[PDB]
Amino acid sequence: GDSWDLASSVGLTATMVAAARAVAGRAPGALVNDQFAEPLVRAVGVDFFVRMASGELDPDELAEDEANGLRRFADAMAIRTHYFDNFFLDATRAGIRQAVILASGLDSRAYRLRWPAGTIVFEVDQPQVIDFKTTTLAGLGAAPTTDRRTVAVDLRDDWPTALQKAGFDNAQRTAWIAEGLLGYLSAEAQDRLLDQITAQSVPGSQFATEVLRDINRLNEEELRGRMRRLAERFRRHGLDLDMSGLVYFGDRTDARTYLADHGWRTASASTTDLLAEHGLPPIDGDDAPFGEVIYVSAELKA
């Protein structure tokens, strides 16, 4: 209530993952450099994340637990960014010309990926966050690399109706992503979003997302311990962010079951296997505050 401006609507978690993409992009041999992460974080103007994104916060100068936590998170964002980038590039290489980025936040893919002529990319998010990123990148002189259409409706509200109004065509194949979202949703909110995707999809449509397989009652106290130790490290640098209040530890239908029941084929790629494939250090125990993240790609069957 005490701020009114666009940048103050952007969630800390969106800003944090963008700052980590900025760090990842400077690594020698980086899988991906999101060249818009640093300037978007700077525009958000949360000082801690500006210092992180810019490299003013130097991991060589940090206590070992902080330096290791930042390097492993940057590697998690390297693999995640690579995964979702390659999902879209594979989908358009297979003839898909309609893409939807759900809760698009600070995702710069409509400005940095190659999209074939005739592609439309729809971005769905709450209006202030939509308006923030569009105005910020326009002011930096970064034109989109595709026909880009925003849908300024929170995923909690009637976004399908607004997506149709923006010119979405439910008769052609769609490539959907929901990146960094499903672990923050209730079981009911997850099933509703997967119903909405399915209802707007024709066969040959594709969807990529994550399954946070370890966020459950079995592992709750261990993961809450990781999240409290991380919260303490953030407080030392002037950020108040307790991830434990943002995740749901309760029962749910695994998204992969839910998709299979709705007629999707799925393919699961573990963080463990993607880090090994790309020659990066393992992310486990204390360095995995959400446990093992499973990246999922799905195709709707006829």
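Start at 1 and count along the sequence shown; that's the residue number.
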Problem set entry | Given 3 to 11 and 291 to 299, the range whose Cα B-factors average higher in the PDB entry | 3 to 11
Exercise. According to the deposited model, is the average Cα temperature factor higher in 154 to 162 or in 136 to 144?
Worked result: 154 to 162
Exercise. Checking the entry, which one of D254, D273, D34, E56 has the top C-alpha B factor?
Worked result: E56
For this session: Using the temperature factors in the entry, find which of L70, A267, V247, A43 has the highest value at its Cα atom.
Result: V247
Problem set entry | Lowest, middle or highest third - CA B-factor, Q128 | middle
Exercise. Sorting the chain's CA B-factors, does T119 end up in the lowest, middle or highest third?
Worked result: middle
For this session: Grab the CA temperature factor for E221 from the record and place it in the lowest, middle or highest third of its chain.
Result: middle
Exercise. Of the three thirds of its chain by CA temperature factor, lowest, middle or highest, which one includes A208?
Worked result: lowest
Exercise. Within this chain, which third does the Cα B-factor at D90 fall in: lowest, middle or highest?
Worked result: middle
